[PDB]
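K.L.:
Chains as they are written, first to last, in the entry's author numbering: chain M, 2 to 61; chain L, 2 to 124; chain R, 2 to 87; chain F, 1 to 155. Every residue, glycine too, gets a C-beta built ideally from N, C-alpha and C. Submitted below is the structure of interest, expressed as structure tokens.
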Amino acid sequence: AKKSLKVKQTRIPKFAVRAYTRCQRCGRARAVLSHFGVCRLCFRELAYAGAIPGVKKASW
Amino acid sequence: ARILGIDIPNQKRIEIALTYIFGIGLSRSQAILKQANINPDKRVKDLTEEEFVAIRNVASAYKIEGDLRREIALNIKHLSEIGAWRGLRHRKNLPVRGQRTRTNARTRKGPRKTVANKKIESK
Amino acid sequence: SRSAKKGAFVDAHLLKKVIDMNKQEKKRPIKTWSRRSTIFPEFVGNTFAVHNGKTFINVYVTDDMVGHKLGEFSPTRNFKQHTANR
Amino acid sequence: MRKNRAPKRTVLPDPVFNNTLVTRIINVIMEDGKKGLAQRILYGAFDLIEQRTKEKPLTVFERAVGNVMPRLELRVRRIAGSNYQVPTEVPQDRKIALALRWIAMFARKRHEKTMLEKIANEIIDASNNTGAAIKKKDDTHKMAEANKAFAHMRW
RNA sequence: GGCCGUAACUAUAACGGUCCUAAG
RNA sequence: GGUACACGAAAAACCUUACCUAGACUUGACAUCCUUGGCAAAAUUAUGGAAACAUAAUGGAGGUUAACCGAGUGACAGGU
RNA sequence: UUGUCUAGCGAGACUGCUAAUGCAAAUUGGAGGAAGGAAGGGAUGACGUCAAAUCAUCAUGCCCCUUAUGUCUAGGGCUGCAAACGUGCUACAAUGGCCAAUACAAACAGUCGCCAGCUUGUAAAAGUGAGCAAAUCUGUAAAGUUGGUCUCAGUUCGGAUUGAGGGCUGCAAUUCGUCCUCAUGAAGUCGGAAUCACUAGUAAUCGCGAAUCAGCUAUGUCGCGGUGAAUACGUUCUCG
RNA sequence: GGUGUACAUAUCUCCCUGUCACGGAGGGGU
RNA sequence: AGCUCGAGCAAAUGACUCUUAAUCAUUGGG
Ligand SMILES: [Mg+2]
Ligand SMILES: [Mg+2]
Ligand SMILES: [Mg+2]
Ligand SMILES: [Mg+2]
Ligand SMILES: [Mg+2]
Ligand SMILES: [Mg+2]
Ligand SMILES: [Mg+2]
Ligand SMILES: [Mg+2]
Ligand SMILES: [Mg+2]
Ligand SMILES: [Mg+2]
Ligand SMILES: [Mg+2]
Ligand SMILES: [Mg+2]
Ligand SMILES: [Mg+2]
Ligand SMILES: [Mg+2]
Ligand SMILES: [Mg+2]
Ligand SMILES: [Mg+2]
Ligand SMILES: [Mg+2]
Ligand SMILES: [Mg+2]
Ligand SMILES: [Mg+2]
Ligand SMILES: [Mg+2]
Ligand SMILES: [Mg+2]
Ligand SMILES: [Mg+2]
Ligand SMILES: [Mg+2]
Ligand SMILES: [Zn+2]
Numbered sequence: 002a003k004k005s006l007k008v009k010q011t012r013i014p015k016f017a018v019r020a021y022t023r024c025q026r027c028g029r030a031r032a033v034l035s036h037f038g039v040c041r042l043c044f045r046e047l048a049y050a051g052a053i054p055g056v057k058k059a060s061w
Numbered sequence: 002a003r004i005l006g007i008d009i010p011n012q013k014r015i016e017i018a019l020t021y022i023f024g025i026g027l028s029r030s031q032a033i034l035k036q037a038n039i040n041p042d043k044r045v046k047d048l049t050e051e052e053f054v055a056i057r058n059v060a061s062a063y064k065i066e067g068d069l070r071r072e073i074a075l076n077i078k079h080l081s082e083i084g085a086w087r088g089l090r091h092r093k094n095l096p097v098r099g100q101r102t103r104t105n106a107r108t109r110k111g112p113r114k115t116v117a118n119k120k121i122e123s124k
Numbered sequence: 002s003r004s005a006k007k008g009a010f011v012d013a014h015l016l017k018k019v020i021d022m023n024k025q026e027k028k029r030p031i032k033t034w035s036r037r038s039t040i041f042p043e044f045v046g047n048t049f050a051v052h053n054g055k056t057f058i059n060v061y062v063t064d065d066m067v068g069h070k071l072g073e074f075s076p077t078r079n080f081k082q083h084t085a086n087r
Numbered sequence: 001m002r003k004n005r006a007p008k009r010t011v012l013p014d015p016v017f018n019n020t021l022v023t024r025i026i027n028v029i030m031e032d033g034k035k036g037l038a039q040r041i042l043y044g045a046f047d048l049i050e051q052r053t054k055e056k057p058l059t060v061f062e063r064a065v066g067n068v069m070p071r072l073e074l075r076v077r078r079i080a081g082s083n084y085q086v087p088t089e090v091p092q093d094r095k096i097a098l099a100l101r102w103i104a105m106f107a108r109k110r111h112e113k114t115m116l117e118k119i120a121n122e123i124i125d126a127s128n129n130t131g132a133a134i135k136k137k138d139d140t141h142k143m144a145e146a147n148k149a150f151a152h153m154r155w
């Protein structure tokens, strides 16, 4: 069960606290970056592909 | 001393001697001290009957230390005679609140009764 | 714990059912799933069937059980005896 | 299997009595990284030494550390069963370090009141060759003298 | 000289534990 | 095992949730391909309701069907 | 308190000069220098081993279900409990407990938010209500200093557990949130055989911030600064 | 005492080791 | 009970593993 959960997440619930943030590219529920709306394992791929502007590897 | 059946230490200050009573804690003892105006930092042995009667009167106004134990006992019996899940959990000597009981919570289960764990001959 | 200005809580479907069954003389068990509802004074005298998770356990409220939560008088998991591992 | 000898940081002279050993024992009684607290402990103990012995605190401290300061060390070397010990002459720096470490360890165990008085009385007792660090030094010295035979073989 | 346990059909015990004696 | 055990999980009261009990559904909650019309979907208010869902309401942005709202329809969708 | 600070560019350190010895790479010492001989830290991780981990991020061969292993909802569960182990927090205390006054950071974050001030309340917080789309406004720094008190006790240590009254988030806090107040006051007085981390701003210790988040006994994770040690003789032994 | 006479063996827990045995620490049973 | 005296073996079902053995539980069987 993933397609139904994705569709239900897009659909608005009847309570405000019912709403949770899923990844927009994949459907992963846990470990989602609200700054980018993308889970960690897809954020890594996008950053390595250069899709997210300004996200360079950090050396500190 | 002179406060009911409790004998507070004579060589300790008043605001801790009051804590030595069962129904009186530390903050409430300070509250009684301030309300009665008696200055703390005064050793109980170096205290007089005028303060000893007023402190007793204010303590009597507050909840008696003797009746508190029977109040708690009555409340637990009340909670058990309802059939509440909280009462049942309190009955079988287990953590009443949402405390975990998997690997912890020995303060309510006493000493450990070690048993023989599973024999592992490999699989 | 629960706030004062908010007060108590009932789903109000249970409240409507309780009012109706109190006005009706020949009361029967009220099958409810709302374990979140607190036992209001008007609840007194009725009998409820609360969903423990599997079945509906019957609880008869009294003038004393007033205040607690309705599902608090029914359990959800059962444990009675371990078995020796070895 | 290191073939490198470690460097050594400066000891720093004490800014009151101009004696490096004072700074060393401050760092030894250091706990939780509290230089101020350690310095207060040391200077209060030295003032108590003033109040009691009526002599110079630095001289009393030197008389204590020189007397507690050991000569031989027994190094454990196991071959087949148990360990046979080996007496070796220690360098002066490690000698002083061991003296200070023993002084602090036996000072933080005495039955008395605040650690100020604890360490002060430990120092005044070690100034007269009667103390617990004295007993420790005596024990290691006697053990080395007993195991004097295996001194030739070290490794 | 005894007693007890022990091998992947059963059976037995190559083997292990222990008491006593001057030695079994 | 080292290289699992404050690890996946950078947040389990509902949701999450993939488990159990129960109430409901069947080209389906979601999508394409085809014959076909768009003069809807929402949201909210009533009654039944544990809520799913049912019977009635304002019948709705829009743009004439663009997206979507449908009927028919078998390939199929769907599976943590 | 006038040249901090912030961020673009650039200079600077190159065994560059010198002495020793070596054929030469090069090694050691000295000078000047902020920095000396990979100046400190990070990113950067070869062929391959363990048929190592992930079909539960995602994709996918093959098999299996197709009015059900697919879908919606309510309730329960993932939080159980004679036990065992791992990782952490808090302690067993005068280098301390409590109270009062008080000095000094960096980084980061913020318009369903950060919330200054004021009023109310023993307090969590409530109401009013400016300021800030931010080097401007907000997010109380604590250890530390001084003073008062306790005077070595299972205590003014230790906070578990337990009862009651309240606050906030949320449809909803019983299973199963956390905070405050009041009350109670388990064990524990340095921990057996045996083990872990660490070579300087490191260990130890004290606070601050952020991510996911309506809310969360995260004491977890990722970061920032304050104080700030001890030791390295050597490879005989121990693991790789 | 579960077995031979409180003891030993045996049993349980924790260390040890890749694992087991051996070994080490602790507990209980007439 | 299939065998030795409800117990232990035997048999089966699953867990376990690349698959077994062993192990772990469950279990019918008079
Ligand atoms: Mg999928
Ligand atoms: Mg959520
Ligand atoms: Mg909890
Ligand atoms: Mg334990
Ligand atoms: Mg759930
Ligand atoms: Mg229209
Ligand atoms: Mg048309
Ligand atoms: Mg490189
Ligand atoms: Mg494998
Ligand atoms: Mg692995
Ligand atoms: Mg699949
Ligand atoms: Mg549900
Ligand atoms: Mg879990
Ligand atoms: Mg003090
Ligand atoms: Mg300004
Ligand atoms: Mg303020
Ligand atoms: Mg002070
Ligand atoms: Mg005790
Ligand atoms: Mg305390
Ligand atoms: Mg609760
Ligand atoms: Mg003590
Ligand atoms: Mg190193
Ligand atoms: Mg498998
Ligand atoms: Zn993703």
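1) How would you write the range of the alpha helix (DSSP H) that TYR43 (chain F) sits in, first residue to last?
2) On the CB-based measure, 16 or more other CB atoms within 10 Å of its CB, does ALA18 (chain L) come out buried or exposed?
3) To which residues of the same chain is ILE49 (chain F) closer than 7 Å at the C-beta, ignoring the five residues directly before and after it?
4) At a cut-off of 7 Å, would you count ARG26 (chain M) as near ligand 24, judging by its Cβ distance to the nearest heavy atom?
5) Going along the stretch 63-82 of chain R in order, which residues come within less than 9 Å of chain L, judged by CB to CB distance?
6) Go to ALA50 (chain R), then tell me how far its beta strand (DSSP E) extends in each direction, as first and last residue.
7) Provide the residue span of the beta strand (DSSP E) that contains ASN59 (chain R), from first to last.
8) What is the rounded straight-line gap between the Cα of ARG52 (chain F) and the Cα of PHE46 (chain F)?
9) List the residues that DSSP assigns as beta-bridge partners of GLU89 (chain F).
10) Listing by chain order, which chain R residues have their CB less than 9 Å from the CB of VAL116 (chain L)?
11) Taking 8 Å as the CB-CB limit, is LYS124 (chain L) close to chain R?
12) Using 8 Å as the cut-off, can you tell me whether the stretch 41-50 of chain R makes contact with the stretch 65-82 of chain R, which would need three or more C-beta pairs spanning the two stretches below that distance?
13) Chain R beta carbons: is any one of them nearer than 8 Å to that of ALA106 (chain L)?
14) Cα separation between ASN58 (chain L) and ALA37 (chain L)?
15) Establish whether the CB of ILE56 (chain L) and some CB of chain R are separated by less than 8 Å.
16) My parser needs the beta strand (DSSP E) runs of 3 or more residues fully inside the stretch 6-59 of chain L; what are they?
17) At the level of alpha carbons, what is the spacing between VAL68 (chain F) and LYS136 (chain F)?
18) Just to confirm the assignment, what range does the beta strand (DSSP E) spanning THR33 (chain R) have?
19) Provide the residue span of the alpha helix (DSSP H) that contains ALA120 (chain F), from first to last.
20) I want to know whether the stretch 10-24 of chain R touches the stretch 16-31 of chain F - three or more CB-CB distances under 8 Å.
21) Would you check if the distance between the CB atom of residue 129 (chain L) and the CB atom of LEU89 (chain L) is smaller than 8 Å?
22) Please tell me whether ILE83 (chain L) has its Cβ less than 8 Å away from any Cβ of chain R.
23) Any beta-carbon of chain R closer than 8 Å to the one on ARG98 (chain L)?
24) Can you pull the chain R neighbours of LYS120 (chain L), defined as C-beta to C-beta under 8 Å?
25) Using a Cβ-Cβ cut-off of 7 Å (strictly less than) and excluding sequence neighbours within five positions of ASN129 (chain F), which residues of its own chain qualify?
26) Are the C-beta of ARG87 (chain L) and some C-beta of chain R separated by less than 8 Å?
27) Could you give the distance in angstroms between the alpha-carbon of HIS91 (chain L) and the alpha-carbon of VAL97 (chain L)?
28) Using DSSP bridges, identify the partner residues of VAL33 (chain M).
29) In this structure, how does DSSP classify residue 1 (chain L) when only helix, strand and coil are distinguished?
30) In the DSSP assignment, the alpha helix (DSSP H) including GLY67 (chain L) goes from what residue to what residue?
31) In whole angstroms, what is the alpha-carbon distance linking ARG75 (chain F) and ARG41 (chain M)?
32) Which residues share a DSSP beta bridge with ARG77 (chain F)?
33) Measure the CB-CB distance between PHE49 (chain R) and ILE31 (chain R) and report whether it falls below 8 Å.
34) What is the rounded straight-line gap between the Cα of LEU27 (chain L) and the Cα of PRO112 (chain L)?
35) Going by the CB atoms, is the gap between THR33 (chain R) and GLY54 (chain R) shorter than 8 Å?
P.N.:
With the structure as the only source:
1) Run containing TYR43 (chain F): 35-53, per the alpha helix (DSSP H) assignment.
2) buried
3) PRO57, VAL60, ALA120, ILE123, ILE124
4) yes
5) Against chain L - using a Cβ distance shorter than 9 Å - the residues of the stretch 63-82 of chain R are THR63, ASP65, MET66, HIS69, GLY72, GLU73, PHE74, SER75, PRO76, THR77.
6) 48-52
7) 57-61
8) 10 Å
9) F:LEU72
10) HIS83, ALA85, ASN86, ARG87
11) no
12) yes
13) no
14) 10 Å
15) no
16) none
17) 9 Å
18) 31-33
19) 115-126
20) no
21) The shown model of chain L, from 2 to 124, leaves out residue 129 (chain L), and the question about it has no answer.
22) yes
23) no
24) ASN86, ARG87
25) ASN67
26) Answer yes: the Cβ-Cβ gap between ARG87 (chain L) and chain R drops below 8 Å somewhere.
27) Roughly 6 Å between the two C-alpha positions.
28) M:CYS40
29) No answer is possible for residue 1 (chain L): the residues shown for chain L start at 2 and end at 124.
30) 66-81
31) 55 Å
32) F:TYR84
33) A contact, by the Cβ cut-off of 8 Å.
34) 31 Å
35) no
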